[PDB]
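Data first, discussion second: the structure below is written as structure tokens.
Scope of the values below: all heavy atoms of this structure, side chains included, with no hydrogens, waters or symmetry mates. Order of listing sets the numbers, starting from 1, for every ligand and every atom in it. Chain identifiers are assigned alphabetically (A, B, ...) following the order of the sequence lines, protein sequences preceding nucleic acid strands; residue numbering begins at 1 within each chain.
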Amino acid sequence: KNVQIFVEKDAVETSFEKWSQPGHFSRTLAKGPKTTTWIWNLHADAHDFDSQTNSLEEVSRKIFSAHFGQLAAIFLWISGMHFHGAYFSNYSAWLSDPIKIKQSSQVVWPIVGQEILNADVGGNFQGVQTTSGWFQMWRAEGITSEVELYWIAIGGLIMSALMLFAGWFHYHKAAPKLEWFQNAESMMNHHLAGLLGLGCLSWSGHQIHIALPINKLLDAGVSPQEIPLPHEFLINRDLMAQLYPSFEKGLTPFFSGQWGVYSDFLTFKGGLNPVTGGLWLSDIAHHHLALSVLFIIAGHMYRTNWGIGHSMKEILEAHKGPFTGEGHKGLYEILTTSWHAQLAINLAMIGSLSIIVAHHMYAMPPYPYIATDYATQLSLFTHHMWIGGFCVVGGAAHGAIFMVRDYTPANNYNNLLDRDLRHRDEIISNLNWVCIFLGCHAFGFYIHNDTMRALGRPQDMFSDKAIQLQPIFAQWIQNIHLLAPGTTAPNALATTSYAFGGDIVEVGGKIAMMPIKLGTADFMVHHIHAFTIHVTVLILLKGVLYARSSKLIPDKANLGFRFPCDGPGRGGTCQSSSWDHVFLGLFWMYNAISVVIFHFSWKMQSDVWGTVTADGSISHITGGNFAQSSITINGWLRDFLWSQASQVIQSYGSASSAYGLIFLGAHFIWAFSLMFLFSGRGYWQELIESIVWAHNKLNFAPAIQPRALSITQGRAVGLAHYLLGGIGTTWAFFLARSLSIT
Amino acid sequence: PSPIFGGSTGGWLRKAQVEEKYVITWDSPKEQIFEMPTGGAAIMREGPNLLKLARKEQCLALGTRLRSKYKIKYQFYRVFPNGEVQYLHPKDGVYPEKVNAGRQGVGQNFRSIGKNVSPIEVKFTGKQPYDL
Amino acid sequence: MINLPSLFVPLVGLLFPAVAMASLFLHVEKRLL
Amino acid sequence: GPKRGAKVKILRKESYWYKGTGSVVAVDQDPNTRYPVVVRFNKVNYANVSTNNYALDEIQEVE
Amino acid sequence: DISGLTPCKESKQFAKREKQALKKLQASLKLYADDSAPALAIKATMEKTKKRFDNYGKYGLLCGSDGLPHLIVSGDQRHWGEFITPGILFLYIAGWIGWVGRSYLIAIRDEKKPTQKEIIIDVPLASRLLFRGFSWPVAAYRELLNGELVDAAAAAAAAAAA
Amino acid sequence: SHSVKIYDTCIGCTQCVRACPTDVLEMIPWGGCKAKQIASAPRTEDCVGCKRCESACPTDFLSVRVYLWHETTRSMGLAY
Amino acid sequence: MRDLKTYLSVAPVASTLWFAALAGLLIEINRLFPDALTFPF
Amino acid sequence: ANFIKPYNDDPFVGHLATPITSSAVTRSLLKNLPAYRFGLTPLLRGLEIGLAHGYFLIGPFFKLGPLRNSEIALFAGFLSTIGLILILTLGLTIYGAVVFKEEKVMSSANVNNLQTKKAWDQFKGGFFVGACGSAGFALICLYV
Ligand code: CLA
Ligand code: CLA
Ligand code: CLA
Ligand code: CLA
Ligand code: CLA
Ligand code: CLA
Ligand SMILES: CC1=C(/C=C/C(C)=C/C=C/C(C)=C/C=C/C=C(C)/C=C/C=C(C)/C=C/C2=C(C)CCCC2(C)C)C(C)(C)CCC1
Ligand SMILES: CC1=C(/C=C/C(C)=C/C=C/C(C)=C/C=C/C=C(C)/C=C/C=C(C)/C=C/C2=C(C)CCCC2(C)C)C(C)(C)CCC1
Ligand SMILES: CC1=C(C/C=C(\C)CCC[C@H](C)CCC[C@H](C)CCCC(C)C)C(=O)c2ccccc2C1=O
Ligand code: SF4
Ligand code: SF4
């Protein structure tokens, strides 16, 4: 057998000795501090496990146990939330009337006049309005009572302590060997079939037996109280056959292969629930079933201990064309002997996933009563755009850490990796052009519109009334999705989303979904999206390809991943390291995602969101100003930023006045960053010397000598304040704007 | 006797045939793969090896990787467009890190650094404080 | 006269800089001078 | 002059440790050496260096 | 009075601020039933608010035409409670910290590893030192006229210039 | 070209010569210090100016010193 | 447990305990004697 | 099989011979363009080039012009193609006035060379004739 369990017993003694010696993990820091730079190095190097030991087995043991610690903090986080929903919320009052009661799971103490933050939300309750969608998620599970939330909170605490115990057990008591970690084919079979497959099967089981029948009674108008205990849905088929009259057959049409009997709970109707404005739970139960069969079957594609199956190595090595040379040879050693190469894939995938997740939750809203909560819709969408943005660049950082540290030329003669490095001047110069081509056109469309309008010539602007730029490719695709129910998807009753066209869904007088028409003002913005992604890719790609050498520095790989420069000769060598490429690309991701959430917040408010009256008279939030006000920069500056600021700037004395303070606080922090980004270290260290003198004059000085922040560190400070202040100012602007319109 | 390489776009430019170009020679006891300063990989040939580069640093960077990583030792040349060659590294066959009888003093101030003159003293002259 | 701005502004705005940018280019790129 | 183990004050102006005190470790008896005296310090400079060579006219003795 | 200001107990605009602040909380109070937790919280808030206006009225503070309290820092002894008396208080606590912290650095300086005791505090020693700064104006004065407060000019390193 | 000067506080520990990436400095015989060797700058025209030599010099202040000078194609560090 | 005591004496642990005790000092005084613009009380 | 090798069997030269660089299509196509054709006077080299450029520079001026919707939409833009060609020619005069050097020895056995001062002048004047003439040619072809 090749797949076995290898574990070392009693590997590391558990004592408080090392806790009292900061910097024990590295060879240079263990001597103790001499300057204040030591304190900074202590934190920057604490998780760099690769630079602490040379053994791959010891690095892998540290990573494994740290995953248990990360999960234990997530369980504690989840257990808190459920606890707040059970003791500091208005969940019951919300369940009885989820159109008038606003949501809240946080209560502040009254101590310095801050009680004003407890808003008058409803249901004889005062608290801070929360926009995480905990409530809607609980209704979809069929919660209905605070008691049930309490058990989740106790079970979250127990799981959290189980994780803490497992991470301690696997690092000190039962430390598993290197052979165990290097089992990719086994690991893939378990994550596909076990984690994802049995996860979707059991979840589907909860949805069919507990979540489906409770939701049917809530939707029909039954008060929570009259709904029976969830376990009573598991015992009496009489209760289950009244709602879905195919339980009288039981489980026999499943083993006879007559699955169309269950069309009561395995639907493919599409659209949304006219009552709640969320997806049909019956579609979601079918969704998890079809997934779980796919995941369990996919977890049999690899060979472990029995002959049958694929070896990952013979797959990749078979793929070689006459342009690619050796093709995929060597990518195994890479992806089974280096943790950096793994994160580079994984973070790029998980970050892309969170972006994908945010696009699908506003167009096909999966929870009930969430589509008309515009504060939740807006908050959840931007959040995943940010988390997606950070993880994507984080994949590119580890790709460049891999090229510097784990990459070897002898392991890769003439393969795809070796070949990319060989024409790296061609990838970068061609990308460079595509960037100069996309920016001059997409941003120059706005300038033209800014000058034409200012010169009194609107007849010559790129608009829906002048020179049109109609997005005909995306309009063509919308028609296909609209005509799809019946033809291309003959068993589908309605379209996947109403964005491609169809009818208007409304819950409580508010609009949940509407067709989203695309015109030339849409078209122009989509290129800005195109353009800012291509530039971000230009910086990160360049950092990975030139991580080891350049024409400028031939021995860049000997200097390391993150070095400040190679001196003021050879012209300027500042920011040549691949860490500095990651540093620059963080500012672009920021630039790119900011335009995305600006585009989403304004298009939804202009052309979807709003209320209605008799004869379907739709009144939008900003009244349809999107086709003729977003084609110029002045229109974006005056109608989006200036007009919609009125809430956050007039929030004083109200319950949303914390958003006005955090608004100013983040404008302050953002400006504070510019002191670190524009200046440099040797002006600050001379400044410290005059200060130290005033201390020496008075007979005292710290024995840990004060030293200015280093070149690399002064950049990482200025970037962290730039993001914090920038994202924060928008955070405060988005919530005080959307709480006032929801 | 050029090593085994499939080519790359990071090689020499016009500067080579118009301005000075550099070659480097080394002797290897066996066939081993090394990293190119302008390219990712290449197999060196047993016996003498000849490589053409565009900068002195690129040539010297390869030497450093050939020294403490493979235990071998090399010669640098400057080649002009007309055809005149120059012999550069090592200057006198002996490495610059090891003292060799016969070398001379170039560019040495016979005092410590705090002993330089004020810039107002050398006013209106065509020099500098560190050239006195 | 009242007809003067439609004569000078193309001359000053388009003609003078095109001659001046041409003149400086020749001077900057001239080897023995 | 100093001996081995004497505590001196640096009088070099461009030294990191001007007007500062420290301890003589070795004095080269050969007078061809221009800076014969190794003086050690307990605080490091900006390059994290702990010692330096000096001449006899650049150090003062404390008591 | 000073600057044409009026005292707050006699300001017509300070009284209007008191009424409108109470009216705002009463109109929020009417939407709740009398025994419930939101009605008891807003009733306690109007007591806190009403005590805030009463306190200022007799405080002896000065109001303007805006109706807000103003502070006088010329040095008048009649408005001492505004700056002098809380000023002397802060000086006592700020000079207490600086004195005590300096005692610590000077104490652990004569040692093998002084830097070790700045990242990892000798707490028994630190605790002792922290409370010896209660008589700092006497202790900082004894060292000034001793020679142990300020060092000599030949003990400070100086930049090449001077 | 750039200017590289070498002062008499040089203790001759060869660390600048081992750090130079373009072979500008070398060690020569000298009778003024324990190691009887001083650094020398015979080929300052290959000097790119990156100052790696000064980051390696242990004396305080430095024995080796680089001063910015007129730039050629060699000190600009161009491969074109 | 002389090593846990040295761990509790490290600068960031002492800083959070000292601040926690000192923030709560100011919060408690502002709970009993609130709104003290000046000495007037 | 390998479709990528070092250009001209020189592995250290910084170029790659791919089917975009050196294939039978791109070889025969580039060898017959007027900037690289064997047997052309430098006037003729500039004439052709100019003949093919002035003809399509017309288009964006006549269609997306400031006076595109007027009865003098064709005139407006043709004039502005001539003004574009005057700027381009001006860039050709100054480039050759500085890149090439005057010849001492009347010795001239290659009067055909393009990369010289005398021929560049002929090449520059041929560009101006062919581009103003092709601007006028589709003035006739569009007036229909
Ligand atoms: C809003 C942005 C911003 C801010 C806040 C500062 C702040 C500062 N800069 Mg500046 N700087 C900026 C932008 C900014 N910079 C930009 C764009 C540049 C161009 C690169 C520079 C370039 C620059 C240089 C060259 C110099 C400064 C200096 C200073 C300091 C001036 C002294 C001072 O104001 O003490 C007050 C301290 C602050 C305002 C920092 C905020 C501290 C907060 C947390 C205090 C909160 C208030 C209150 C005390 C709360 C009590 C605390 C609690 C624990 C009880 C201070 C740290 C000089 C300096 O360092 O001299 C001392 C200096 O020489 N900066
Ligand atoms: C069916 C088997 C199975 C399952 C479910 C998992 C599940 C997981 N593995 Mg894993 N693994 C397996 C087999 C399995 N592995 C094998 C055989 C190997 C050796 C090749 C590995 C080697 C491995 C490594 C090296 C790492 C993981 C990690 C992880 C976690 C990924 C993070 C995540 O998505 O959190 C989702 C979290 C949850 C779903 C919570 C579940 C918490 C526990 C574990 C419950 C599962 C136990 C049991 C099946 C539940 C029974 C339910 C009951 C009602 C019947 C996840 C908990 C990573 C990790 O985080 O480690 C800590 C990691 O670094 N695995
Ligand atoms: C699963 C995700 C993941 C993992 C495991 C790692 C792991 C690692 N990364 Mg990495 N990284 C990630 C995501 C990840 N990263 C992402 C998303 C990015 C892009 C932003 C990066 C960018 C990145 C760079 C650029 C570098 C690393 C480095 C490292 C290594 C050492 C990290 C360390 O010691 O930090 C210790 C941790 C800290 C010092 C914490 C500070 C975190 C910030 C400053 C505070 C956050 C603010 C907070 C959330 C809000 C504040 C609010 C305020 C009011 C208080 C380690 C291998 C470094 C390295 O050397 O690689 C080997 C390195 O140079 N990574
Ligand atoms: C508003 C501020 C601003 C602007 C305009 C730019 C502009 C640019 N940056 Mg950026 N950059 C900025 C802030 C800005 N940056 C900041 C704050 C940072 C610090 C983090 C950086 C860091 C940075 C890096 C690291 C990179 C860039 C890149 C680029 C270039 C993108 C290519 C392109 O489309 O150019 C086209 C020009 C524009 C989009 C702007 C003007 C558009 C005009 C109006 C249309 C055409 C005009 C025409 C040509 C001339 C006619 C007018 C004239 C006759 C008067 C471009 C020059 C990237 C690059 O060079 O890749 C190619 C790159 O890698 N920048
Ligand atoms: C780059 C962005 C951009 C674009 C696309 C336009 C587009 C336009 N502007 Mg402009 N404009 C811009 C930026 C831009 N503007 C900026 C930044 C400003 C502010 C300074 C202005 C200010 C401005 C004014 C004041 C005016 C215009 C006008 C115009 C119009 C005509 C211009 C014209 O005839 O040019 C000539 C065009 C060309 C010579 C086209 C060359 C490009 C060709 C097609 C490229 C072909 C590439 C080809 C595919 C390569 C493959 C070859 C291979 C197949 C062999 C046109 C709609 C005028 C108007 O009336 O508007 C209607 C006008 O009066 N613009
Ligand atoms: C300050 C000086 C200045 C002046 C006087 C002008 C004048 C003009 N511009 Mg211009 N421009 C300038 C600066 C200036 N520009 C700058 C700095 C920019 C870049 C930001 C632009 C960008 C710009 C654009 C994008 C456009 C103009 C256009 C125009 C024309 C106005 C529209 C119209 O009715 O013409 C309509 C034009 C005609 C009816 C025919 C005019 C044909 C000309 C006069 C032929 C000139 C021939 C001659 C050989 C030119 C030699 C040039 C050189 C040697 C000096 C007019 C000729 C528009 C244009 O060219 O229209 C086609 C146009 O699209 N301008
Ligand atoms: C929310 C939450 C929670 C909770 C959770 C839970 C409650 C879970 C559950 C879960 C579950 C409760 C699961 C279940 C599972 C089950 C399963 C998964 C089953 C399966 C089975 C099967 C698969 C079968 C098979 C078969 C057949 C069909 C036939 C033949 C025979 C056999 C046996 C083979 C916690 C506390 C953690 C924390 C916080 C959060
Ligand atoms: C798109 C595309 C393409 C391309 C194409 C092209 C690019 C074309 C061009 C074309 C052109 C661009 C053409 C031109 C033409 C021209 C002409 C046709 C001219 C004419 C002229 C004439 C005939 C003459 C004139 C004159 C003179 C010179 C003198 C005076 C008199 C006259 C006026 C007569 C391809 C194939 C790749 C592929 C597909 C796509
Ligand atoms: C200001 C600045 C410094 C000076 C900053 C230093 C020396 C760091 C000071 C951090 C202190 C010591 C940490 C403690 C923070 C404050 C004592 C408390 C502020 C927090 C409030 C909320 C209380 C640099 O060292 C530097 C280096 C390189 C580029 C730019 C710069 C730069 O801009
Ligand atoms: S400046 Fe750089 S290249 Fe010049 S001698 Fe010093 S280390 Fe060598
Ligand atoms: S200059 Fe510095 S590195 Fe060079 S020999 Fe002297 S002490 Fe050593």
>> Measuring centre to centre across the rings, with the benzene-like ring taken for any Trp, is A:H667 within less than 6.0 Å of A:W670?
In response: no
>> Please list, in number order, the atoms of ligand 4 under 4.0 Å from a heavy atom of A:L538.
In response: 61 (O), 64 (O)
>> Test of understanding: given a 4.0 Å heavy-atom threshold, classify the contact between A:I63 and ligand 2 as side chain, backbone, both, or neither.
In response: neither
> Which atoms of ligand 8 are found less than 4.0 Å from any heavy atom of H:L51?
Replying inline: 16 (C), 19 (C), 21 (C), 24 (C), 28 (C)
> Which atoms of ligand 4 sit under 4.0 Å from any heavy atom of A:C435?
Replying inline: 32 (C), 33 (C), 34 (O), 62 (C)
> Any protein heavy atom lying closer than 4.0 Å to atom 60 (O) of ligand 4?
Replying inline: no
> Is atom 9 (C) of ligand 8 close to the protein, meaning a heavy atom under 4.0 Å from it?
Replying inline: no
>> Yes or no, since that's all I need: does a protein heavy atom fall within a distance strictly under 4.0 Å of atom 64 (O) of ligand 4?
In response: yes
>> Just to be sure I'm reading this right: ignoring hydrogens, which of A:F531, A:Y446, A:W433, A:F443 gets closest to atom 40 (C) of ligand 4? Compare them by their nearest heavy atoms.
In response: A:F443
>> Test your reading of the structure: does A:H67 have an N or O sitting under 3.5 Å from an N or O of ligand 2?
In response: yes
>> Closer than 4.0 Å to some heavy atom of H:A52 - which atoms of ligand 8 meet that?
In response: 12 (C)
> How about atom 25 (C) of ligand 4: does it have a protein heavy atom within less than 4.0 Å?
Replying inline: yes
>> Between A:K62 and A:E58, does any side-chain N to carboxylate O distance fall below 4.0 Å?
In response: no
> Which protein non-hydrogen atom lies closest to atom 49 (C) of ligand 4, naming both residue and atom, and how far is it?
Replying inline: A:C440 SG, 4.6 Å
> Near H:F56, which atoms of ligand 8 are under 4.0 Å from a heavy atom of that residue?
Replying inline: 12 (C)
>> Let's go through A:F443 and A:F531 carefully: what are the C-alpha distance in whole Å and the side-chain angles of both, what is the deciding distance for ring pair (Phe, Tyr, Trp, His ring centres under 6.0 Å) to 0.1 Å, and is it a yes or a no?
In response: CA-CA 9 Å; A:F443 183 71; A:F531 162 65; 7.9 Å; no
>> Just to confirm my output: which protein heavy-atom neighbour is closest to atom 58 (C) of ligand 4, and how far is it?
In response: A:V535 CG1, 4.0 Å
> Where is the nearest protein heavy atom to atom 44 (C) of ligand 4: which residue, which atom, and how far?
Replying inline: A:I447 CG1, 4.4 Å
> Looking only at heavy atoms of H:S134, does any of them come nearer than 4.0 Å to an atom of ligand 8?
Replying inline: yes
> Which option out of A:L195, A:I74, A:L192, A:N183 puts a heavy atom nearest to atom 5 (C) of ligand 2?
Replying inline: A:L195
>> Among all the protein's heavy atoms, is there at least one whose distance to atom 40 (C) of ligand 8 comes out below 4.0 Å?
In response: no
> Of the choices A:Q182, A:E185, A:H191, which has the non-hydrogen atom that lies closest to atom 15 (N) of ligand 2?
Replying inline: A:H191
> Protein heavy atoms: any of them under 4.0 Å from atom 47 (C) of ligand 2?
Replying inline: no
> With a cut-off of 4.0 Å, which atoms of ligand 4 are near a heavy atom of A:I539?
Replying inline: 25 (C), 64 (O)
> atom 20 (C) of ligand 8: which protein heavy atom is closest, and how many Å away?
Replying inline: H:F137 CD2, 3.6 Å
> Protein heavy atom under 4.0 angstrom of atom 17 (C) of ligand 2, is there one?
Replying inline: yes
>> To check you understand the geometry: which heavy-atom pair defines the closest contact between A:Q182 and A:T337, and what is its length?
In response: NE2-CG2, 3.7 Å
>> For atom 30 (C) of ligand 8, tell me which residue out of H:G54, H:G133, H:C141 has the closest non-hydrogen atom.
In response: H:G133
> Any non-hydrogen protein atom below 4.0 Å of atom 36 (C) of ligand 4?
Replying inline: yes
>> I'd like to know if the side chain of A:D450 reaches the main chain of A:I633, judged simply by a donor and an acceptor atom lying under 3.5 Å from each other, with no hydrogens or angles considered.
In response: yes
> Are A:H172 and A:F169 an aromatic pair by the rule of ring centers under 6.0 Å?
Replying inline: no
> Short question: side chain of A:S354, backbone of A:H384 - any donor-acceptor pair under 3.5 Å?
Replying inline: yes
>> I'd like to know if atom 5 (C) of ligand 8 has any protein heavy atom within a distance of less than 4.0 Å.
In response: no
> What do you think, any protein heavy atom under 4.0 angstrom from atom 14 (C) of ligand 8?
Replying inline: yes
>> For atom 22 (C) of ligand 4, tell me which residue out of A:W588, A:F587, A:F583 has the closest non-hydrogen atom.
In response: A:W588
> Right, does atom 20 (C) of ligand 4 have protein non-hydrogen atoms nearer than 4.0 Å?
Replying inline: yes
> With ring centroids as reference points, do A:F68 and A:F64 lie under 6.0 angstrom apart?
Replying inline: yes
